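For reference, coords-v8.cif (mmCIF, C-alpha atoms):
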data_my_file
#
loop_
_atom_site.group_PDB
_atom_site.id
_atom_site.type_symbol
_atom_site.label_atom_id
_atom_site.label_comp_id
_atom_site.auth_asym_id
_atom_site.auth_seq_id
_atom_site.Cartn_x
_atom_site.Cartn_y
_atom_site.Cartn_z
ATOM 1 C CA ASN A 108 5.298 15.815 17.553
ATOM 2 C CA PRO A 109 6.332 13.514 20.438
ATOM 3 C CA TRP A 110 3.245 11.369 19.794
ATOM 4 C CA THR A 111 4.328 10.473 16.244
ATOM 5 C CA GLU A 112 5.724 6.988 16.903
ATOM 6 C CA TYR A 113 2.990 6.045 19.380
ATOM 7 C CA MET A 114 0.121 7.261 17.191
ATOM 8 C CA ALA A 115 1.408 5.436 14.104
ATOM 9 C CA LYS A 116 -0.869 2.431 14.635
ATOM 10 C CA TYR A 117 -3.910 4.716 14.516
ATOM 11 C CA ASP A 118 -3.122 5.885 10.997
ATOM 12 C CA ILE A 119 -5.508 3.165 9.834
ATOM 13 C CA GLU A 120 -5.338 4.365 6.228
ATOM 14 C CA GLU A 121 -1.598 3.636 6.342
ATOM 15 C CA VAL A 122 -1.334 0.544 8.554
ATOM 16 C CA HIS A 123 -4.536 -1.198 7.435
ATOM 17 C CA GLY A 124 -4.979 0.338 3.991
ATOM 18 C CA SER A 125 -8.333 -1.244 3.170
ATOM 19 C CA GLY A 126 -11.985 -1.537 4.149
ATOM 20 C CA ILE A 127 -12.854 -2.544 7.702
ATOM 21 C CA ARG A 128 -16.614 -3.089 7.824
ATOM 22 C CA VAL A 129 -16.368 -4.658 4.384
ATOM 23 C CA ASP A 130 -12.838 -5.515 3.257
ATOM 24 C CA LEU A 131 -12.576 -5.891 -0.518
ATOM 25 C CA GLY A 132 -9.513 -3.786 -1.286
ATOM 26 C CA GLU A 133 -7.910 -6.022 -3.902
ATOM 27 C CA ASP A 134 -8.672 -8.186 -6.919
ATOM 28 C CA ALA A 135 -7.330 -11.582 -7.987
ATOM 29 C CA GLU A 136 -7.727 -13.796 -11.052
ATOM 30 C CA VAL A 137 -8.927 -17.394 -10.741
ATOM 31 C CA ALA A 138 -8.909 -19.334 -14.024
ATOM 32 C CA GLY A 139 -9.479 -16.284 -16.221
ATOM 33 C CA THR A 140 -11.886 -14.384 -13.975
ATOM 34 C CA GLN A 141 -11.199 -11.491 -11.593
ATOM 35 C CA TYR A 142 -12.631 -11.625 -8.069
ATOM 36 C CA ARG A 143 -12.741 -9.137 -5.202
ATOM 37 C CA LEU A 144 -11.038 -10.258 -1.988
ATOM 38 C CA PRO A 145 -10.021 -8.887 1.455
ATOM 39 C CA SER A 146 -6.616 -7.202 1.706
ATOM 40 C CA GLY A 147 -6.498 -5.338 5.016
ATOM 41 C CA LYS A 148 -3.110 -5.473 6.726
ATOM 42 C CA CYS A 149 -4.580 -5.370 10.244
ATOM 43 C CA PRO A 150 -6.745 -7.939 12.066
ATOM 44 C CA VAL A 151 -10.336 -6.912 12.822
ATOM 45 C CA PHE A 152 -11.125 -7.847 16.421
ATOM 46 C CA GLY A 153 -14.713 -8.878 17.089
ATOM 47 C CA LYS A 154 -15.869 -8.892 13.472
ATOM 48 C CA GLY A 155 -18.221 -11.619 12.283
ATOM 49 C CA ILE A 156 -20.945 -12.179 9.701
ATOM 50 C CA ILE A 157 -24.614 -12.312 10.684
ATOM 51 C CA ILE A 158 -26.783 -14.575 8.543
ATOM 52 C CA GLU A 159 -30.504 -13.776 8.535
ATOM 53 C CA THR A 163 -26.864 -21.252 10.605
ATOM 54 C CA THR A 164 -23.716 -19.468 11.767
ATOM 55 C CA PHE A 165 -21.193 -18.312 9.173
ATOM 56 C CA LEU A 166 -18.361 -20.437 10.594
ATOM 57 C CA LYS A 167 -20.139 -23.606 9.486
ATOM 58 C CA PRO A 168 -18.663 -25.334 6.404
ATOM 59 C CA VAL A 169 -20.059 -24.099 3.078
ATOM 60 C CA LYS A 177 -28.670 -22.511 3.188
ATOM 61 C CA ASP A 178 -27.669 -25.437 5.401
ATOM 62 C CA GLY A 179 -24.042 -24.317 5.241
ATOM 63 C CA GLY A 180 -21.970 -21.300 6.225
ATOM 64 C CA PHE A 181 -18.933 -19.467 4.863
ATOM 65 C CA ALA A 182 -16.101 -21.749 5.982
ATOM 66 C CA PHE A 183 -14.043 -24.304 4.063
ATOM 67 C CA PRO A 184 -15.591 -27.720 3.333
ATOM 68 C CA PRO A 185 -14.132 -30.794 5.121
ATOM 69 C CA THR A 186 -10.816 -32.033 3.714
ATOM 70 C CA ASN A 187 -8.323 -34.900 3.846
ATOM 71 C CA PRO A 188 -6.472 -34.127 5.940
ATOM 72 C CA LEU A 189 -8.620 -31.602 7.813
ATOM 73 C CA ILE A 190 -6.956 -28.223 7.258
ATOM 74 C CA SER A 191 -10.064 -26.279 8.289
ATOM 75 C CA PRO A 192 -10.901 -25.796 11.024
ATOM 76 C CA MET A 193 -7.414 -26.243 12.475
ATOM 77 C CA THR A 194 -6.236 -25.502 16.011
ATOM 78 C CA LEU A 195 -3.176 -23.379 16.776
ATOM 79 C CA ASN A 196 -1.197 -26.439 17.864
ATOM 80 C CA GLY A 197 -2.480 -28.265 14.797
ATOM 81 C CA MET A 198 -1.137 -25.515 12.553
ATOM 82 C CA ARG A 199 2.247 -25.333 14.287
ATOM 83 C CA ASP A 200 2.602 -29.105 13.960
ATOM 84 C CA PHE A 201 1.533 -28.940 10.313
ATOM 85 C CA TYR A 202 4.287 -26.427 9.513
ATOM 86 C CA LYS A 203 6.872 -27.755 11.977
ATOM 87 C CA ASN A 204 9.516 -28.025 9.240
ATOM 88 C CA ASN A 205 8.934 -24.463 8.036
ATOM 89 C CA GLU A 206 10.895 -22.013 10.193
ATOM 90 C CA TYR A 207 9.321 -19.058 8.385
ATOM 91 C CA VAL A 208 5.835 -20.137 9.445
ATOM 92 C CA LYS A 209 5.854 -22.401 12.518
ATOM 93 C CA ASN A 210 6.578 -19.586 14.987
ATOM 94 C CA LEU A 211 4.208 -16.964 13.588
ATOM 95 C CA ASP A 212 1.664 -15.496 16.000
ATOM 96 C CA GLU A 213 -1.792 -17.097 16.006
ATOM 97 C CA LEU A 214 -3.403 -14.459 13.770
ATOM 98 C CA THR A 215 -0.674 -14.174 11.138
ATOM 99 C CA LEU A 216 -0.253 -17.960 11.119
ATOM 100 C CA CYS A 217 -3.989 -18.390 10.536
ATOM 101 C CA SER A 218 -3.743 -15.844 7.722
ATOM 102 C CA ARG A 219 -0.771 -17.593 6.100
ATOM 103 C CA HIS A 220 -2.438 -20.986 6.559
ATOM 104 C CA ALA A 221 -5.502 -19.765 4.669
ATOM 105 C CA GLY A 222 -3.277 -18.195 2.025
ATOM 106 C CA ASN A 223 -1.564 -21.544 1.533
ATOM 107 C CA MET A 224 -4.613 -23.032 -0.187
ATOM 108 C CA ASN A 225 -4.706 -22.332 -3.928
ATOM 109 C CA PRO A 226 -8.145 -22.809 -5.556
ATOM 110 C CA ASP A 227 -6.476 -22.864 -8.977
ATOM 111 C CA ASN A 228 -5.092 -26.408 -9.106
ATOM 112 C CA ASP A 229 -3.979 -25.832 -12.699
ATOM 113 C CA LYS A 230 -1.853 -22.705 -12.296
ATOM 114 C CA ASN A 231 -0.456 -20.602 -9.457
ATOM 115 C CA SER A 232 -2.765 -17.664 -8.768
ATOM 116 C CA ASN A 233 -2.923 -14.637 -6.475
ATOM 117 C CA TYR A 234 -6.263 -15.492 -4.861
ATOM 118 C CA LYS A 235 -5.902 -16.112 -1.133
ATOM 119 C CA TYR A 236 -8.895 -16.837 1.096
ATOM 120 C CA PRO A 237 -9.618 -14.736 4.193
ATOM 121 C CA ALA A 238 -9.923 -16.399 7.602
ATOM 122 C CA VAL A 239 -11.372 -16.127 11.098
ATOM 123 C CA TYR A 240 -9.408 -17.005 14.223
ATOM 124 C CA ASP A 241 -11.548 -17.937 17.222
ATOM 125 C CA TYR A 242 -9.743 -17.146 20.483
ATOM 126 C CA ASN A 243 -12.298 -19.203 22.427
ATOM 127 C CA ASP A 244 -11.183 -22.640 21.233
ATOM 128 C CA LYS A 245 -8.015 -21.487 19.441
ATOM 129 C CA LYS A 246 -9.245 -22.547 15.998
ATOM 130 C CA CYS A 247 -8.407 -21.139 12.572
ATOM 131 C CA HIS A 248 -11.347 -21.156 10.154
ATOM 132 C CA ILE A 249 -10.545 -20.673 6.473
ATOM 133 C CA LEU A 250 -13.403 -18.790 4.819
ATOM 134 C CA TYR A 251 -14.369 -20.213 1.432
ATOM 135 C CA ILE A 252 -16.745 -17.289 0.910
ATOM 136 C CA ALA A 253 -15.027 -13.891 0.875
ATOM 137 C CA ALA A 254 -18.335 -12.034 0.573
ATOM 138 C CA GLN A 255 -19.192 -9.970 3.643
ATOM 139 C CA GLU A 256 -22.490 -8.241 2.863
ATOM 140 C CA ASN A 257 -25.549 -8.929 0.722
ATOM 141 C CA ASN A 258 -28.605 -6.872 1.667
ATOM 142 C CA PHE A 274 -29.360 -15.696 1.385
ATOM 143 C CA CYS A 275 -28.801 -12.268 2.943
ATOM 144 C CA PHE A 276 -26.045 -11.308 5.387
ATOM 145 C CA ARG A 277 -24.175 -8.379 6.937
ATOM 146 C CA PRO A 278 -20.905 -7.688 8.780
ATOM 147 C CA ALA A 279 -21.183 -6.727 12.443
ATOM 148 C CA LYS A 280 -19.534 -6.657 15.834
ATOM 149 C CA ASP A 281 -21.586 -8.621 18.335
ATOM 150 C CA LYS A 282 -21.306 -10.204 21.785
ATOM 151 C CA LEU A 283 -21.362 -13.578 20.030
ATOM 152 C CA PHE A 284 -18.405 -12.493 17.879
ATOM 153 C CA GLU A 285 -16.246 -10.973 20.624
ATOM 154 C CA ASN A 286 -13.587 -13.698 20.366
ATOM 155 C CA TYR A 287 -13.711 -13.869 16.568
ATOM 156 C CA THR A 288 -11.020 -12.128 14.523
ATOM 157 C CA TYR A 289 -11.438 -11.385 10.818
ATOM 158 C CA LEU A 290 -8.187 -11.861 8.904
ATOM 159 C CA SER A 291 -7.361 -10.956 5.311
ATOM 160 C CA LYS A 292 -4.521 -12.494 3.304
ATOM 161 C CA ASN A 293 -2.360 -9.429 3.928
ATOM 162 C CA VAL A 294 -2.280 -9.451 7.742
ATOM 163 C CA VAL A 295 1.247 -8.351 8.670
ATOM 164 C CA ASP A 296 3.326 -10.461 11.059
ATOM 165 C CA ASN A 297 4.018 -7.437 13.266
ATOM 166 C CA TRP A 298 0.380 -6.391 13.743
ATOM 167 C CA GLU A 299 0.936 -6.421 17.508
ATOM 168 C CA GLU A 300 3.307 -3.490 17.019
ATOM 169 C CA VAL A 301 1.641 -1.516 14.227
ATOM 170 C CA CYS A 302 -2.086 -2.293 14.512
ATOM 171 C CA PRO A 303 -4.721 -1.291 17.098
ATOM 172 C CA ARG A 304 -6.195 -3.834 19.509
ATOM 173 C CA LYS A 305 -6.815 -2.423 22.976
ATOM 174 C CA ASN A 306 -9.036 0.540 23.782
ATOM 175 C CA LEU A 307 -7.266 3.411 25.534
ATOM 176 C CA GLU A 308 -8.714 4.038 28.993
ATOM 177 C CA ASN A 309 -8.677 7.594 30.384
ATOM 178 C CA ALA A 310 -7.560 8.820 26.959
ATOM 179 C CA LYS A 311 -9.094 10.954 24.215
ATOM 180 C CA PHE A 312 -8.032 11.124 20.560
ATOM 181 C CA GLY A 313 -6.815 14.575 19.563
ATOM 182 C CA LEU A 314 -4.973 16.602 16.937
ATOM 183 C CA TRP A 315 -1.499 17.968 17.664
ATOM 184 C CA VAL A 316 -1.328 21.700 16.955
ATOM 185 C CA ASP A 317 1.627 23.917 17.902
ATOM 186 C CA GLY A 318 2.932 21.983 20.903
ATOM 187 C CA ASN A 319 -0.514 21.069 22.213
ATOM 188 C CA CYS A 320 -3.035 18.267 21.704
ATOM 189 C CA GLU A 321 -6.326 19.831 20.611
ATOM 190 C CA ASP A 322 -9.805 18.294 20.491
ATOM 191 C CA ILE A 323 -11.148 16.844 17.257
ATOM 192 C CA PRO A 324 -12.793 20.028 15.895
ATOM 193 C CA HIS A 325 -15.790 18.181 14.434
ATOM 194 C CA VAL A 326 -17.262 14.879 15.617
ATOM 195 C CA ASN A 327 -20.500 13.008 14.947
ATOM 196 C CA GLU A 328 -22.175 12.151 18.241
ATOM 197 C CA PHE A 329 -23.941 8.805 18.572
ATOM 198 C CA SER A 330 -25.447 7.737 21.900
ATOM 199 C CA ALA A 331 -24.086 4.465 23.304
ATOM 200 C CA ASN A 332 -24.791 2.598 26.546
ATOM 201 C CA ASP A 333 -21.277 1.188 26.955
ATOM 202 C CA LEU A 334 -17.894 0.887 25.233
ATOM 203 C CA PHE A 335 -19.014 -2.204 23.305
ATOM 204 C CA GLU A 336 -21.888 -0.337 21.654
ATOM 205 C CA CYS A 337 -19.589 2.568 20.760
ATOM 206 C CA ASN A 338 -17.060 0.241 19.140
ATOM 207 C CA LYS A 339 -19.987 -1.426 17.382
ATOM 208 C CA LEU A 340 -21.167 1.925 16.003
ATOM 209 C CA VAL A 341 -17.691 2.950 14.835
ATOM 210 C CA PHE A 342 -17.354 -0.345 12.950
ATOM 211 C CA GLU A 343 -20.717 0.249 11.262
ATOM 212 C CA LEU A 344 -19.556 3.670 10.055
ATOM 213 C CA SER A 345 -15.956 2.716 9.278
ATOM 214 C CA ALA A 346 -14.131 2.243 5.984
ATOM 215 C CA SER A 347 -16.116 -0.008 3.656
ATOM 216 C CA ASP A 348 -15.303 -1.280 0.163
ATOM 217 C CA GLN A 349 -18.960 -1.844 -0.693
ATOM 218 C CA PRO A 350 -21.927 0.559 -0.461
ATOM 219 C CA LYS A 351 -24.655 -0.413 2.009
ATOM 220 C CA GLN A 352 -27.641 -2.100 0.347
ATOM 221 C CA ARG A 389 -14.049 2.727 -7.436
ATOM 222 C CA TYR A 390 -15.655 1.095 -4.400
ATOM 223 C CA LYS A 391 -12.325 0.750 -2.588
ATOM 224 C CA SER A 392 -11.954 2.881 0.538
ATOM 225 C CA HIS A 393 -8.218 2.211 0.873
ATOM 226 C CA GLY A 394 -8.675 2.754 4.610
ATOM 227 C CA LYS A 395 -10.520 6.075 4.402
ATOM 228 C CA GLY A 396 -13.587 6.464 6.615
ATOM 229 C CA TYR A 397 -15.045 6.979 10.088
ATOM 230 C CA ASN A 398 -12.610 4.603 11.757
ATOM 231 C CA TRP A 399 -12.149 6.294 15.135
ATOM 232 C CA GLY A 400 -14.323 7.100 18.131
ATOM 233 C CA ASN A 401 -14.020 8.946 21.431
ATOM 234 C CA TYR A 402 -16.338 7.329 23.960
ATOM 235 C CA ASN A 403 -17.405 9.552 26.844
ATOM 236 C CA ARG A 404 -18.476 6.946 29.400
ATOM 237 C CA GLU A 405 -20.153 9.522 31.647
ATOM 238 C CA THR A 406 -22.292 11.265 29.027
ATOM 239 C CA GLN A 407 -22.589 7.958 27.149
ATOM 240 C CA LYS A 408 -21.610 9.584 23.853
ATOM 241 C CA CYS A 409 -19.766 7.849 21.025
ATOM 242 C CA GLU A 410 -17.941 10.728 19.332
ATOM 243 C CA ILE A 411 -17.155 9.450 15.849
ATOM 244 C CA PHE A 412 -14.838 11.087 13.291
ATOM 245 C CA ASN A 413 -13.048 10.260 10.032
ATOM 246 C CA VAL A 414 -9.658 11.980 10.290
ATOM 247 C CA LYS A 415 -6.618 10.315 11.854
ATOM 248 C CA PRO A 416 -5.706 11.350 15.425
ATOM 249 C CA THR A 417 -2.142 12.541 16.031
ATOM 250 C CA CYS A 418 -2.029 12.681 19.836
ATOM 251 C CA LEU A 419 -3.767 11.686 23.067
ATOM 252 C CA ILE A 420 -5.544 13.812 25.663
ATOM 253 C CA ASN A 421 -5.666 12.656 29.284
ATOM 254 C CA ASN A 422 -9.315 12.593 30.337
ATOM 255 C CA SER A 423 -10.785 10.124 32.836
ATOM 256 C CA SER A 424 -14.210 10.407 31.195
ATOM 257 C CA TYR A 425 -13.043 8.923 27.896
ATOM 258 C CA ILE A 426 -12.020 5.694 26.188
ATOM 259 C CA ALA A 427 -10.382 5.879 22.753
ATOM 260 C CA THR A 428 -11.596 3.200 20.340
ATOM 261 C CA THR A 429 -11.223 2.237 16.678
ATOM 262 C CA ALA A 430 -13.191 0.023 14.295
ATOM 263 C CA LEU A 431 -10.267 -2.417 14.327
ATOM 264 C CA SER A 432 -9.996 -2.465 18.120
ATOM 265 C CA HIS A 433 -11.423 -5.158 20.388
ATOM 266 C CA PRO A 434 -14.891 -4.174 21.662
ATOM 267 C CA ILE A 435 -13.985 -4.905 25.307
ATOM 268 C CA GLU A 436 -10.240 -4.932 26.072
ATOM 269 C CA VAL A 437 -8.755 -1.764 27.569
ATOM 270 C CA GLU A 438 -5.281 -0.614 28.609
ATOM 271 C CA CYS B 1 -9.595 -29.866 -4.057
ATOM 272 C CA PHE B 2 -6.905 -27.265 -3.345
ATOM 273 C CA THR B 3 -3.145 -27.013 -3.889
ATOM 274 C CA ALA B 4 -0.668 -26.117 -1.138
ATOM 275 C CA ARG B 5 1.529 -23.206 -2.205
ATOM 276 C CA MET B 6 4.321 -23.843 0.295
ATOM 277 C CA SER B 7 6.709 -26.800 0.244
ATOM 278 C CA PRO B 8 5.747 -29.521 0.172
ATOM 279 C CA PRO B 9 3.140 -28.744 -2.514
ATOM 280 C CA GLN B 10 0.278 -31.240 -2.319
ATOM 281 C CA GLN B 11 -3.403 -31.603 -3.161
ATOM 282 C CA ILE B 12 -5.930 -31.310 -0.340
ATOM 283 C CA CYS B 13 -9.466 -32.373 -1.265
#
Any chance you could put this one into structure tokens?
Amino acid sequence: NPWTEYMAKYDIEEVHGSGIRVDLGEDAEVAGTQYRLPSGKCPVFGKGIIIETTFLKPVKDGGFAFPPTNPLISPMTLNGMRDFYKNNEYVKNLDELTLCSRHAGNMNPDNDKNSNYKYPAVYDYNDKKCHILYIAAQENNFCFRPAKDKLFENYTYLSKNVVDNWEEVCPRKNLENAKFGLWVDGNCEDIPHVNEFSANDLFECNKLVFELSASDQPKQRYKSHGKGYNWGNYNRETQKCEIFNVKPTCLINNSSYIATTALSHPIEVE
Amino acid sequence: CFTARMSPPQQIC
């Protein structure tokens, strides 16, 4: 298969390895008590939390983010973070997403003993700010739910395990004029079975895929480990979001299609 | 209050 190396980033079960809609793929002990926490290795572009107050406010009059500190480590700009770690060569040059992830993982809630609990974070591309999330909960149907939304399009949900080479091994852009397929005997065949959801544009298709994707918590043993309906073939002409749950192994050239994933940005194409 | 894991370790409250 000539597509092997290229299609590696779309093996979400392998490269991400956790829930996407709701990421709770690991556990960590804080002062004698185990807690669930995000552990996906890829960044989730466009993911935010809808409260039914925005969730990026510091922790009903508060949100999910870290409370004010001295000095202020949350929220912290990209330049603020690079200046903060200017003596650390292993950190200061990290990309904005990994750096935000490592910055959040630098704060230990257990001030008595070193623990494994590392807070998730959201990087806002709009004002280049890293928000450390004090609340790792993602759905409770004080009710809230995870979603991709126009308001969240510049948000990026980051677990503690976001790899520093996500640009190389994780999805971001949607593939224009391309259709996910399965490589069989020297040819890229169509996904034999897909679940068709109607969608007005690419954004709504990406939104639908996210809603159906790998989740580590049932809506309304729980770990998905990356398994789920993570991919979608969007036919822009028929306005169909063709959603499936098996990894694609090749691409098909088709001008009517845009290949998207639950991890991918809801707008960007290449 | 939190504790920085990386050097220098310090307490941020």
(message) Under the rule that only C-alpha atoms are counted, which of A:346, A:193, A:144, A:340 is the nearest residue to residue 244 of chain A?
(response)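 Nearest candidate to residue 244 of chain A out of A:346, A:193, A:144, A:340: A:193.
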Please report as a Markdown table every residue of chain A lying within 12 Å of chain B, along with the nearest atom pair and their distance in Å (one decimal), using only C-alpha atoms.
| residue | atom | partner | partner_atom | distance |
| --- | --- | --- | --- | --- |
| A:183 | CA | B:13 | CA | 10.7 |
| A:184 | CA | B:13 | CA | 9.0 |
| A:185 | CA | B:13 | CA | 8.1 |
| A:186 | CA | B:13 | CA | 5.2 |
| A:187 | CA | B:13 | CA | 5.8 |
| A:188 | CA | B:12 | CA | 6.9 |
| A:189 | CA | B:12 | CA | 8.6 |
| A:190 | CA | B:12 | CA | 8.3 |
| A:191 | CA | B:12 | CA | 10.8 |
| A:201 | CA | B:8 | CA | 11.0 |
| A:202 | CA | B:6 | CA | 9.6 |
| A:203 | CA | B:7 | CA | 11.8 |
| A:204 | CA | B:7 | CA | 9.5 |
| A:205 | CA | B:7 | CA | 8.4 |
| A:206 | CA | B:7 | CA | 11.8 |
| A:207 | CA | B:6 | CA | 10.6 |
| A:208 | CA | B:6 | CA | 10.0 |
| A:219 | CA | B:6 | CA | 9.9 |
| A:220 | CA | B:4 | CA | 9.4 |
| A:221 | CA | B:4 | CA | 9.9 |
| A:222 | CA | B:5 | CA | 8.1 |
| A:223 | CA | B:5 | CA | 5.1 |
| A:224 | CA | B:4 | CA | 5.1 |
| A:225 | CA | B:3 | CA | 4.9 |
| A:226 | CA | B:2 | CA | 5.1 |
| A:227 | CA | B:2 | CA | 7.2 |
| A:228 | CA | B:3 | CA | 5.6 |
| A:229 | CA | B:3 | CA | 8.9 |
| A:230 | CA | B:3 | CA | 9.5 |
| A:231 | CA | B:5 | CA | 8.0 |
| A:232 | CA | B:5 | CA | 9.6 |
| A:233 | CA | B:5 | CA | 10.6 |
| A:234 | CA | B:5 | CA | 11.3 |
| A:235 | CA | B:5 | CA | 10.3 |
| A:236 | CA | B:2 | CA | 11.5 |
| A:251 | CA | B:2 | CA | 11.3 |
(request) Record the distance separating atom CA of residue 309 of chain A and atom CA of residue 285 of chain A, expressed in Å with one decimal. (result) 22.3 Å
(message) Report, in Å with one decimal, the straight-line distance from atom CA of residue 397 of chain A to atom CA of residue 248 of chain A.
(response) 28.4 Å
(request) Given the file shown, determine the residues that the PyMOL selection byres ((chain A and resi 296) around 8) selects; report them as a list in words. (result)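 Applied to this file, the PyMOL selection byres ((chain A and resi 296) around 8) returns residues 211, 212, 215, 294, 295, 297, 298 and 299 of chain A.
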(request) Could you expand the PyMOL selection byres ((chain A and resi 148-154) around 9) into the explicit residues it covers here, written as a PyMOL selection string? (result) chain A and resi 119+122-125+127-128+146-147+155-156+214-215+239+278-295+298+301-304+342+430-434
(request) Using atom CA of residue 426 of chain A and atom CA of residue 404 of chain A as the two end points, give the distance in Å to one decimal. (result) 7.3 Å
Using the file's own x, y and z axes, so that the box edges lie along x, y and z, what centre and edge lengths in Å (one decimal) does a box around every listed atom of chain B get when 3 Å is added on each side? Give it as lines of an AutoDock Vina configuration file.
center_x = -1.4
center_y = -27.8
center_z = -1.9
size_x = 22.3
size_y = 15.2
size_z = 10.4
